[PDB]
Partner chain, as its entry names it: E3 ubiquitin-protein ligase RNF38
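Before any questions on how it binds or moves, here is one chain, the form deposited without the partner chain, in structure tokens.
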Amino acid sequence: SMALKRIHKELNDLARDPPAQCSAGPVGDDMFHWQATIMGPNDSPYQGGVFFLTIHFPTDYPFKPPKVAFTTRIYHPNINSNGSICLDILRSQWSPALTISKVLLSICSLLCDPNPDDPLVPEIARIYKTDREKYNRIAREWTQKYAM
């Protein structure tokens, strides 16, 4: 299928052009189910943590977006305790030109710069907007407790 060839191409590109501090690929022989790893961006409050994700490609990838879930607990306005990620390119702004590499880089950018106006966790969005210093404090503590 076209999905399987696209997934294989993305995997080879990932191997040859390793993203900035991220990893992703099939665990086992099911090519439509991947695991991914993100190291907390430096200068973000998540620095030093490592965050695990699962990725499920639909059968008509790349014409529908991958489904991505955050497995690791994290304090972030756009990621909730079901692991859902409020990220526009995973939903309305998905385009077949996008890749897992691009998705993982966009997630890293979102960790550095949350979008508090489209919250998944309203109280974290409120702390982020109203008291960045305490937000950063707590995000660091949760990184130490749950992502290390």
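Residue numbers count along the first chain shown, from 1.
Mean C-alpha B-factor is higher over 23-31 than over the other stretch, the pair under comparison being 81-89 and 23-31.
The mean C-alpha temperature factor is higher for 119-127 when 48-56 and 119-127 are set side by side. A69 sits in the middle third of its chain by CA B factor, as recorded in the PDB entry. Among all modelled residues in this chain, the alpha-carbon of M39 has a temperature factor (C-alpha) in the highest third. When the modelled residues of the chain are ordered by C-alpha B-factor, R6 sits in the lowest third.
The same protein has a further form, the form solved in complex with the partner chain, not shown here; the description that follows concerns it.
In the deposited bound form, none of the heavy atoms of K129 sits within 4.5 Å of a heavy atom of the partner chain.
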